[PDB]
Structure formats: structure tokens, C-alpha cells
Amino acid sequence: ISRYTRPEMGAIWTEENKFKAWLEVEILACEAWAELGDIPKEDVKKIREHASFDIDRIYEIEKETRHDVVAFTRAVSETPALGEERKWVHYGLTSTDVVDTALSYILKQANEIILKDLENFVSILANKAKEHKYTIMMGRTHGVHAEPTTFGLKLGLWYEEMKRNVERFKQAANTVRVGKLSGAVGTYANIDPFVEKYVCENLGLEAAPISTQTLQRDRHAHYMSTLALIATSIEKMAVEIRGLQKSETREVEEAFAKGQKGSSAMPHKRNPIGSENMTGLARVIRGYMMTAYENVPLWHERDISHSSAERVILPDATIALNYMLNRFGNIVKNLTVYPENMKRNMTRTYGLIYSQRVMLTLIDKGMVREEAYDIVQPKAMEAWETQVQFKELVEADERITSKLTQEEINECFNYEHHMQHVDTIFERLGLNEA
């Protein structure tokens, strides 16, 4: 927080929203007991109607008690309009029956938002890919010219990566979509198992099949690792935008608005600042992942060490990821692409990108692979170091030119060959209407 927090996600993590969730858990729990016949219907009707809290009082009481949940229930007890029935608030419950169930309910909400952000990002990627299906450009391996590809295929790669991440996310969201109301040490000793079933059902959560004082933190570790993975996928794509905007390359550029200023001292600057910002946040979220894993080995039926960490990392990770998904989705959507610079750059390594095809054709004419490679390599290295065209050199090279005709040589130097399966890949990905 706070320039990295959008309003939708910030709102779910307020104290107000937390205490509201606690109150709802408590009231549902009394309603469950009343269904069982263990406490009177009339008592709980009153609790549902009149039970409330004043946050400032919660905090005042907490100054004495040094205990959140006790402060909360004692504050609820002082609601103008509750009478004796206040008796039943927290009946049979332990602290984390409320805290963990409420926390899972809040995460359920966060995860609905994140799922929607992720689906929207996938659509943006799909739309960009279709736009640049045949936008030809150099493929680069080790940062060096390899062979041609298209910007659409690059975006199609990202699209498919994010679909993998949507699936992973659903599984992670599910592992934390659970509540527990099993009492002090998870035994149900003081609280009928039906109470948990009812409360969880009414919050859209599953009931933990077995619990201690708390939910088990393997769930939250799985969850954070998935958040960190999504962020790290986004960093991968941001790193790519940054590389393509480099001045020698300029195949792409982040949208630059009227009135924008790129730097304080250099009026000419247009920078990939959005993508750089995403890179930073991905690092923070990976740190949260390490924290989450360290929260797993809790002692016995619990220690509370995870809570102080989760107070930080759960709001911060979800807030940051929501911000990243929305901001970077807009960066991609509004991204300027320069097909002319892409084609020009394919020119800049003297046609050396055709070296494999010359080699493979030599093999077709019955040369052994290492013999073909070793004829072609010195020619390629000569072009590098004397900066003369590679086709010239193979044409002026008589042991190739004895095995390949001129029209065979020319076919080796045609980039169109490399576009032959773009449509078939897109068809697989679902990116056509063929």
C-alpha cells in the first residue's frame, strides 16, 4: 500500500470488514446451536437482530485484555439493544474458530477478485496475440538472433502460461476455501460438529475434515506460492517488454501520454516504467512466499507466530497481485508495437539466421551433419567478423554451390518458410475461428 492498492481489494482487508466477518461467524454459530435445539430460537433471533460492535470500544477493551477476540466479544456484549442472550455469543468457540473462518471468508473474496483479474488478463493476451499473429520478428536465444517467429506467437505463449496459472490458482483458492469451528484443540469437545457444517456452508466455505486450534498452514503456503508464481510469470513478460523497448531494438514501447514526462533531466526519454514496476513487485511477493512456508511448522495444536506474519503478507500479497494484474494488463493492451522495426532488425545480422537451413539442405543432398555444420560455420563467422552478407559468402563458396542450385540457395534465405505453422499453433490454442 498505497499507490499500489486498487479500491476493490483494499476494501476487503479493512478492520471494519474483518470485525464484520467475525460478527457474522458468531451469529451463524448461535443460529446453528439453535437449529440443534441447544439454545432457544428466541434468544438467537435477538442476537441476529441486535448484535453489533463499536470498533473504538474493541480497541479500548483490547488495551486491558491484550486479546483481540475477547475484546471483540466483550464489545459485542455492550451493544445497546442486546440483553441476556449475549450469553451465547462465542458459546463453545475458541478464538481461531472465529479468526480462521473469517480469514478464509475474506480470502474467498480476495480470490474472486484475483480470478476475475486473471481471466481479464488472459482475454487481453488473446486479443493482442490475434492482432499480431503474423507480425514477423526475430526469435532470440541467449539474447542473440536465432530464427524468425511472430509477436503473436510470443503473446500466445504468455496466454497459454496464464491459462496454466488460472488452473493453478483455482486449486490454490480451493485449498484455502475452508473454515473450522472445532473448538480449543479441534476435538469438538465443547461444540457440536453440526455448528461448523452450518457456518461454513453459509459462508461458501468447506469444513476442515480435521483441525487443531487452527487450520493447517500448508494450505496458506500452497496459496502464497501460487500468488508468487503468477507474479513471477508477469515479471517474465515485463522483462520481455523492457528488452524489446531497448533503443537499439524498439520493437515495442509502453504507451506514452500527452503531457507525460519521461525523465527529469532528459526530455527525450520514453521508458518501460510499468514493466519495471511489475518487476519490483514480483520480487516482494516471492519474499512473502518464503514467509508463508516458514509459517507451516506450528507447534502442537498451534502457536500464534503465523498470525503476525499473515497480517502483513496476506493483505499485501493479494493487494499487490491485484494491482499487478490490472496495471500490466493495461500495459499490454495499450502497448505500441513497431512491425517495421521488427522487420528491420531481422536484417541486422547479415542474413546469418539462415545458417541452419543451408546446413539442413546440405544434409538433404547427402552430407553428414558435422561435415555440413563445419562447412557452414566458418562462413557464418567470417560474415560476423568482416560484416559482409552471409548469402554472398555461401554463393561465393564452391562446395555448397556444387551441391545446391541457386534456387535452392534462395529458398534457404526465405523467411516465409518460418510462418508455415503459425496458424496450426493458433488453432491448438483456441486463438482462431478457422
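The first residue of the sequence shown is number 1, and the count goes up from there.
The mean C-alpha temperature factor is higher for 396 to 404 when 65 to 73 and 396 to 404 are set side by side.
For the pair 286 to 294 and 334 to 342, the mean Cα B-factor is higher in 334 to 342. Sorting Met224, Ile363, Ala110, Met324 by the CA temperature factor given in the entry leaves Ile363 at the top.
Among the modelled residues of its chain, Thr150 has a C-alpha B-factor that falls in the middle third according to the deposited record. Looking at the C-alpha B-factors along this chain, the one for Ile353 belongs to the highest third. Per the deposited record, the Cα B-factor of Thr214 falls in the lowest third when ranked against the other modelled residues of its chain. In the deposited entry, the Cα temperature factor of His90 places it in the middle third of its chain's modelled residues. Residue-level temperature factors show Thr79 in the highest third of its chain, judged at the C-alpha atom.
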